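Undergrad: The structure that follows is given in the form of structure tokens.
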Amino acid sequence: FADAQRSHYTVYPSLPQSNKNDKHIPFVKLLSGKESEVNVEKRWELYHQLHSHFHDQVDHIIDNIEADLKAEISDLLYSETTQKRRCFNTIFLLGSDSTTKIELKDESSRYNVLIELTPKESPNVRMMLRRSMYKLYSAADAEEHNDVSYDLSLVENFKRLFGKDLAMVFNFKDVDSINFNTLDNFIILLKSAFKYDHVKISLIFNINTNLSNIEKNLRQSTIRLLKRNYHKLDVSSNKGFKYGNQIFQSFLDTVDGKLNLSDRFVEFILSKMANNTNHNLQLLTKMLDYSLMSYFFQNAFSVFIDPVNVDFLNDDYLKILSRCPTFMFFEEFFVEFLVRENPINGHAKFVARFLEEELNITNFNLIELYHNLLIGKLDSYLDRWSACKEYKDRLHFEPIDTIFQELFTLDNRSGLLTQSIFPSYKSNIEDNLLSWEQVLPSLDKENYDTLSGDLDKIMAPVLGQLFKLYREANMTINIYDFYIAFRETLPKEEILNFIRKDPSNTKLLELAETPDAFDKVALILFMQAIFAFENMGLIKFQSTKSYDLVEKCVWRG
Amino acid sequence: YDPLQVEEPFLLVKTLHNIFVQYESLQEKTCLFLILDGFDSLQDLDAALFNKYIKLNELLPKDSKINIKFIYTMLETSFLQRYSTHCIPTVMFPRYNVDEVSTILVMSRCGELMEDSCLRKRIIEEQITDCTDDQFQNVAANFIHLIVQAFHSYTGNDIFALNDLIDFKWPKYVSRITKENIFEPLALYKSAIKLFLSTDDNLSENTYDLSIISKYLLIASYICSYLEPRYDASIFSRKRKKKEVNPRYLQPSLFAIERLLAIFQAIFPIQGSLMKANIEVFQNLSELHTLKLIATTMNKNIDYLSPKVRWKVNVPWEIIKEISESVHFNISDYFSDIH
Amino acid sequence: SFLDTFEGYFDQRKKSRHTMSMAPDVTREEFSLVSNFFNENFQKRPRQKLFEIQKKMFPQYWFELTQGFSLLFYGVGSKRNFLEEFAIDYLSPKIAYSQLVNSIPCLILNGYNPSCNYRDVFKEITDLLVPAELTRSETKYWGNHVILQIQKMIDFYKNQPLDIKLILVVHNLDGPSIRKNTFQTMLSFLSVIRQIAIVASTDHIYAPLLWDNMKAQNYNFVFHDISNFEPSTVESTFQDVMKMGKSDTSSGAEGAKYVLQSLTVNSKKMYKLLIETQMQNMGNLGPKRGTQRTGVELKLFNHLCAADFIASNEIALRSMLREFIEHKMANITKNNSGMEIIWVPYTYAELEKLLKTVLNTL
Amino acid sequence: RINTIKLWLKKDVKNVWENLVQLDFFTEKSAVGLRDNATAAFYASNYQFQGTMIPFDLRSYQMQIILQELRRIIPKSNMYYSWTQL
DNA sequence: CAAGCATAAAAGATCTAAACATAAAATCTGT
DNA sequence: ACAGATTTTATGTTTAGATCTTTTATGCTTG
């Protein structure tokens with residue numbers, strides 16, 4: 001068989017028996033493979049220890065967030081409500097990702113059953129009810145250690161069956177995705193469970209957008225019923241700015257003065273953070289980790305972060321660093337300007353703590369503050385609150401005075417950071433396709449050895465050459481005229497000469513003598529290229545019964 | 001007999017027969033009424049179910065001591081007419097007049113409103129030690145009459161909604177009661193006039209956390225939906241007349257992804273490039289779709305990549321408008337042609 | 001005025017009655033011959049030069065993978081050969097050496113095949129990784145077992161040591177049967193597992209439209225640009241080119257024709273018998289799919305094959321039919337009464353075309 | 001033309017609209033009320049109707065009672081009888 | 001331009017095959 | 001070798017996916 005024609009077929013490669021002691025490392029010797037292996041190993045171990053140090057604090061912050069939100073929602077769930085048992089209390093979690101384990105407190109006289117429902121697991125009202133009753137029965141029987149049909153009467157008979165009171169808490173995982181007709185019908189159905197005087201219900205709506213859509217979609221009577229007890233709770237990772245600050249401070253401490261943050265890098269962090277709110281902290285952690293690993297990867301001097309290896313400077317290191325612009329503008333010379341820790345991080349931490357303890361200001365972005373301090377306009381960020389006017393005297397910061405920060409910094413000047421996490425996907429495709437010269441390297445050393453040393457240079461790759469005309473084409477394109485133009489742009493005699501260049505095959509030379517051999521090989525190339533465009537989505541075809549016209553989908557830029 | 005042993009109507013016939021035969025020692029004929037209260041309110045309803053219960057009584061023994069009589073209860077008067085030829089005796093219940101519903105609310109709520117703990121707390125706090133149960137009944141009846149006369153045109157004759165409004169508005173009304181007010185019926189109306197004009201039955205006590213790029217994508221999607229494509233180039237030349245039928249009242253039209261991206265680039269302000277479509281734009285668009293804001297034109301198992309799927313905005317004019325002022329981008333400017 | 005801007009698009013947004021019949025006639029055999037000649041003779045040396053230049057980036061890719069970053073390759077040209085070369089020859093032996101013996105298994109998943117099914121992919125993943133079974137309570141009320149098993153796998157693997165035990169190559173992640181939301185959700189939940197590595201490739205321009213915020217987070221992609229203008233011989237195999245692929249693009253019958261063209265004379269004969277029996281059943285019962293109600297019984301098929309000296313007994317027939325089943329040219333299920341049924345999931349028109357174009361020539 | 005009539009707001013006419021469509025005065029665009037049997041009802045229950053997902057404002061309805069009959073029923077003394085015909 | 005005329009695609013009726021599910025009789029396994 | 005463990009025949013119950021059919025949102029098209 002042909003394995004390429006298969007699907008999802010496992011392959012067990014035969015690893016060579018040849019092996020070494022410590023050649024197996026992703027890090028490669030920099031400076032044209034001149035650095036020693038000990039430097040690479042030290043870089044690897046320092047990267048691992050620093051990554052562990054950062055991620056431990058990140059995990060602590062994340063766990064703190066989860067614990068705090070769970071405790072707050074559990075406290076709001078009971079809140080010592082004195083309201084009469086004639087309505088069910090509702091909690092709208094504003095903009096909450098459906099990833100939380102709402103814990104229900106154990107009560108001696110009341111079961112507390114968390115029933116979780118999702119849009120995929122709720123096609124209609126009857127299945128909502130059957131799933132809810134099955135979860136209720138299973139949880140109650142597991143807690144308590146014949147059968148009952150799955151309907152609302154299980155709630156009616158609960159006091160008789162298990163000799164205990166009930167408290168069911170409905171957690172709708174994605175309340176925006178469920179079609180609100182069935183959700184409204186299910187709420188109205190649950191309303192019928194208030195004639196028992198031994199069952200209390202609690203609804204939790206994991207809303208993502210706002211309450212405007214809930215008001216618009218739900219029936220007025222249902223909104224009136226919900227309004228008797230509702231609690232708008234705003235739970236989100238992006239609200240209050242009190243959690244991104246902790247992670248950024250953790251990163252700042254895990255780099256300490258050992259590393260420096262470039263102004264453009266923090267500007268990019270802020271820009272990419274401003275464009276996403278539903279999932280913000282994870283994106284920030286990804287960006288920081290990628291920048292850190294890239295900096296330890298493509299920078300050779302990261303082995304010299306700690307002072308102990310400063311003496312390990314060699315002739316190649318000094319020769320390379322001699323071209324540092326800071327050195328031109330300005331062993332023992334380097335260390336006396338390296339061990340000087342940057343006071344910017346300590347000053348920023350002190351300022352943040354000072355404003356967050358007694359100045360009664362909390363809604364601020366530590367990333368924004370750090371970026372502003374890096375620029376140097378800290379007054380322009382501290383004057384917005386209009387409350388630290390008498391405290392600005394002691395909050396002044398001495399301007400940036402540092403040297404040799406190019407070698408120890410986190411920045412994106414080669415564009416890898418932006419093109420590896422948030423690349424301009426379509427724009428990159430069009431940039432690569434329009435200017436194919438910079439994608440395919442041009443070589444002339446071995447053009448004599450190759451069989452096509454005269455045709456490769458003159459012409460262009462078929463797909464990009466077709467894309468040139470396609471961009472220069474009109475909105476609606478006749479296939480015939482497009483092929484005519486493509487063939488006219490195609491050199492005539494050179495194609496025939498290339499065909500004649502192979503004497504091994506016989507069918508090719510047999511077809512070569514045919515007068516329209518060029519006119520049909522060009523057509524074959526055109527069908528191949530148009531198929532590739534259709535697969536890539538550049539072009540589309542209208543009604544296939546006509547198939548004489550095509551429409552351009554994507555435009556360059 | 002295990003109640004879970006019945007799975008078809010025939011099994012119910014057999015189980016009822018088996019239960020009724022074992023009660024044959026009854027002295028006198030006994031009828032047992034089974035009130036299916038809310039039969040039309042079934043969520044798995046179909047036309048061919050009620051007549052099963054209609055003809056059920058034929059399949060049961062004639063001479064049994066216990067006879068089961070059905071008393072259904074439906075609420076549609078178009079489900080009933082489907083079986084109008086069965087000639088089963090029925091008692092139609094007409095709706096309630098405004099005076100009737102006011103009297104019913106008075107009768108069913110004056111006791112509860114009088115016995116409110118909030119009113120007792122207000123009275124003991126404000127020190128009015130000269131009152132009778134007649135005075136409390138009169139003030140409760142006056143509140144009921146005021147709320148009915150103020151919101152009957154809005155709520156119709158539904159007792160439930162009027163009860164909800166009364167429960168909603170009573171705390172503030174009793175909070176606005178002082179010494180000389182209670183002994184003057186017009187004083188409360190002239191002092192608590194705020195309650196009785198504008199209804200309050202919405203969760204907002206009396207927008208989107210989306211990004212800027214997502215908000216602009218939503219605005220561009222709405223513009224694409226509610227603008228004619230042949231006018232797009234003329235209107236957006238940023239570098240016989242318009243129709244006055246106000247297409248914002250009709251269903252949104254279907255556009256293509258390329259047009260959406262082009263107009264999104266056109267309307268996005270220059271920062272620092274024209275904000276070339278990147279991973280972030282497409283991710284935001286997909287997140288908007290999974291929020292059911294930009295609905296496609298095909299059923300489930302959706303593939304966003306096929307050149308046969310079209311997008312249409314799924315928000316009304318209010319949400320998109322207040323999003324536009326949320327980002328301070330004009331929306332009644334490109335629609336100034338259609339006012 | 002302009003051509004590459006939104007203003008240019010608006011400007012561009014506002015006839016020859018010659019079809020391809022008058023165009024030079026094309027035969028499939030000579031089409032394949034000429035296309036193959038052009039593919040490995042046009043820009044061979046520049047392509048190898050570019051491949052060697054970008055091969056040096058492999059340690060960076062491995063370092064990105066070993067830190068919980070699922071990796072994606074996007075760009076023009078076919079990345080199938082390049083990505084397979086990266087994963088099979090470089091990634092697996094190197095990670096096997098670094099973990100310490102045997103190489104790490106490499107589940108490569110052809111996404112350009114419209115016959116790729118998520119049930120079979122998860123069957124392979126659970127046959128190889130062998131995760132623990134889910135308890136009865138964890139099954140939930142009729143919930144999808146694949147997604148629940150994957151979430152249980154995530155819970156179990158959140159505590160295991162962070163060493164890769166599988167690499168799941170995903171060729172053409174934005175293909176016809178691999179772009180649907182179900183399999184994408186499966187891959188999204190599967191990629192969170194640190195112990196497996198998700199290297200994928202995309203071709204469509206609007207491919208990132210497939211991933212929401214949650215799916216993008218779970219993928220945790222690190223996009224990498226690979227563009228080598230390869231002609232994609234393998235990708236075009238599964239779909240027709242004479243009709244430009246505008247019709248029956250996701251049918252998958254062209255791949256079946258290609259694989260059946262030169263497979264075995266006896267296999268072709270029995271496939272012809274099965275196809276003919278299915279057409280007879282369709283006629284006994286408008287173009288419809290070949291569902292189970294119209295398929296052929298296993299006992300009936302064995303009797304028919306024995307009458308034609310194709311397969312003597314059950315054992316040989318089942319052994320030679322497992323090959324067709326694994327390549328999705330046919331399916332075997334059990335009816336409600338328990339009778340085995342074998343059927344071809346291709347459309348009646350597609351079945352007739354397959355019979356009259358390759359089967360009928362013997 | 002003018003005592004003064006309070007033009008009710010959108011959010012206060014929404015409840016009247018829901019009550020009016022609940023009393024079966026309006027119907028959906030092309031909606032079948034009750035299915036013939038249990039299988040068809042089950043099939044419909046599993047399906048998700050398009051009109052459900054359309055926002056509340058833009059759901060297209062149809063009328064039980066034509067305007068001429070509405071004129072025929074409403075008494076002449078009523079204050080809306082002038083607008084009961086085009 | 002609209003009407004006419006045509007094909008096209010949305011909305012849903014109608015249905016099936018598959019995944020998920022339970023259960024009673026007869027078979028296959030160890031002491 | 002006798003009771004438990006597994007299998008074989010025989011349904012019921014939801015989810016995912018299919019094609020037919022009807023209606024109506026698109027284009028084609030003169031002034």
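As shown in the structure tokens, the chain order sets the letters A, B, ...; within each chain, residues go from 1, and ligands are also counted from 1 in the order they appear.
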What's around stretch 336-345 of chain A at 8 Å? Count only C-alpha atoms (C1' of nucleotides), leave out sequence neighbours fewer than 2 positions away in its own chain, and write the answer as an MDAnalysis selection string.
TA: chainID A and resid 252:253 256:258 307 332:334 347:349 403:404
Undergrad: Would you save the residues of that selection, restricted to N, CA and C atoms, as a tab-separated table (two decimals), in the first residue's frame?
TA:
```
chain	number	residue	atom	x	y	z
A	252	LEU	N	9.05	40.50	36.84
A	252	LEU	CA	10.06	41.53	37.09
A	252	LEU	C	11.03	41.08	38.17
A	253	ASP	N	10.53	40.39	39.20
A	253	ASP	CA	11.41	39.88	40.24
A	253	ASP	C	12.21	38.67	39.77
A	256	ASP	N	14.72	40.36	37.90
A	256	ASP	CA	15.41	41.25	38.85
A	256	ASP	C	16.24	42.26	38.05
A	257	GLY	N	17.45	42.59	38.47
A	257	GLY	CA	18.32	43.44	37.69
A	257	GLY	C	19.18	42.62	36.74
A	258	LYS	N	19.03	41.30	36.83
A	258	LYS	CA	19.77	40.41	35.94
A	258	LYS	C	19.39	40.64	34.48
A	307	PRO	N	27.38	36.78	37.89
A	307	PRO	CA	28.77	37.26	37.95
A	307	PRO	C	29.81	36.15	37.95
A	332	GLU	N	37.28	43.48	33.48
A	332	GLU	CA	37.01	44.29	34.67
A	332	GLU	C	36.16	45.51	34.34
A	333	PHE	N	36.27	46.02	33.11
A	333	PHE	CA	35.42	47.13	32.69
A	333	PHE	C	33.96	46.73	32.64
A	334	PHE	N	33.68	45.49	32.23
A	334	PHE	CA	32.30	45.04	32.08
A	334	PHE	C	31.63	44.79	33.42
A	347	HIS	N	12.11	50.64	42.46
A	347	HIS	CA	11.34	51.88	42.54
A	347	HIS	C	9.90	51.66	42.10
A	348	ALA	N	9.70	50.88	41.03
A	348	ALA	CA	8.34	50.60	40.57
A	348	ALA	C	7.55	49.82	41.60
A	349	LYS	N	8.17	48.80	42.21
A	349	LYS	CA	7.49	48.04	43.25
A	349	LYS	C	7.14	48.92	44.44
A	403	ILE	N	24.37	51.34	31.07
A	403	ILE	CA	25.23	51.04	29.93
A	403	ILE	C	25.25	49.53	29.72
A	404	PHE	N	25.60	49.13	28.50
A	404	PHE	CA	25.72	47.72	28.13
A	404	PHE	C	24.42	46.96	28.39
```
Undergrad: Contacts between chain B and chain C, please, where a residue of chain C counts if it comes within 10 Å (with only C-alpha atoms); show its shortest atom pair and distance in Å to one decimal, rows by chain and ascending number, as CSV.
TA:
```
residue,atom,partner,partner_atom,distance
C:1,CA,B:239,CA,9.5
C:2,CA,B:239,CA,9.8
C:5,CA,B:262,CA,8.1
C:6,CA,B:262,CA,5.1
C:7,CA,B:239,CA,6.7
C:8,CA,B:239,CA,9.5
C:9,CA,B:262,CA,7.4
C:10,CA,B:233,CA,4.8
C:11,CA,B:233,CA,6.6
C:12,CA,B:233,CA,9.1
C:13,CA,B:233,CA,7.4
C:14,CA,B:230,CA,7.4
C:174,CA,B:305,CA,8.2
C:175,CA,B:305,CA,9.1
C:176,CA,B:303,CA,8.6
C:177,CA,B:303,CA,9.3
C:178,CA,B:303,CA,9.6
C:179,CA,B:303,CA,6.4
C:180,CA,B:303,CA,5.5
C:181,CA,B:301,CA,6.5
C:182,CA,B:301,CA,7.8
C:204,CA,B:305,CA,7.6
C:205,CA,B:305,CA,8.7
C:206,CA,B:305,CA,6.5
C:207,CA,B:305,CA,7.0
C:208,CA,B:282,CA,5.8
C:209,CA,B:282,CA,5.0
C:210,CA,B:304,CA,6.5
C:211,CA,B:283,CA,6.2
C:212,CA,B:287,CA,4.8
C:213,CA,B:287,CA,5.8
C:214,CA,B:287,CA,8.5
C:215,CA,B:283,CA,9.5
C:216,CA,B:283,CA,7.7
C:223,CA,B:279,CA,9.6
```
Undergrad: Using only C-alpha atoms (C1' of nucleotides), find which residues of chain E lie within 10 Å of chain C and jot them down as a PyMOL selection string.
TA: chain E and resi 16-21
Undergrad: Can you tell me, as an MDAnalysis selection string, what residues are no more than 12 Å from residue E:30 when counting only C-alpha atoms (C1' of nucleotides), ignoring any on the same chain fewer than 4 positions away?
TA: chainID F and resid 1:5
Undergrad: Given the choices A:526, A:172, A:78, A:205, which gets closest to residue A:484 if the distance is worked out from only C-alpha atoms?
TA: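 Ranking A:526, A:172, A:78, A:205 by distance to residue A:484, first place goes to A:526.
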Undergrad: Name all residues at most 7 Å from stretch 146-152 of chain C (count only C-alpha atoms (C1' of nucleotides); drop same-chain ones fewer than 2 positions away) and give them as a list in words.
TA: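 Answer for this query is residues 134, 144, 154, 155, 156, 186, 189 and 190 of chain C.
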Undergrad: Print the selection's residues with N, CA, C and O atoms to a file, as a short mmCIF file (atom, residue, chain, number, x, y, z; two decimals), in the first residue's frame.
TA:
```cif
data_model
loop_
_atom_site.label_atom_id
_atom_site.label_comp_id
_atom_site.auth_asym_id
_atom_site.auth_seq_id
_atom_site.Cartn_x
_atom_site.Cartn_y
_atom_site.Cartn_z
N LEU C 134 -12.73 5.37 31.77
CA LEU C 134 -13.54 6.29 32.56
C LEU C 134 -14.61 5.52 33.32
O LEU C 134 -15.25 4.62 32.77
N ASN C 144 -20.60 12.77 25.29
CA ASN C 144 -19.61 12.27 24.34
C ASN C 144 -18.45 11.62 25.08
O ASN C 144 -17.82 12.24 25.94
N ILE C 154 -6.42 14.64 30.54
CA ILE C 154 -5.79 15.88 30.99
C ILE C 154 -5.62 15.86 32.50
O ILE C 154 -4.55 16.21 33.02
N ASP C 155 -6.66 15.45 33.22
CA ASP C 155 -6.57 15.39 34.67
C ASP C 155 -5.48 14.42 35.12
O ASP C 155 -4.74 14.70 36.06
N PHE C 156 -5.37 13.27 34.44
CA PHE C 156 -4.35 12.30 34.80
C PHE C 156 -2.95 12.80 34.47
O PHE C 156 -2.01 12.60 35.25
N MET C 186 -11.76 18.21 19.61
CA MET C 186 -10.96 17.09 20.11
C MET C 186 -9.48 17.45 20.15
O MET C 186 -8.80 17.23 21.15
N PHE C 189 -8.68 20.01 22.96
CA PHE C 189 -8.55 19.42 24.29
C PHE C 189 -7.34 18.49 24.37
O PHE C 189 -6.72 18.37 25.43
N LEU C 190 -6.98 17.85 23.26
CA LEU C 190 -5.87 16.91 23.26
C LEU C 190 -4.53 17.61 23.38
O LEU C 190 -3.60 17.07 23.99
#
```
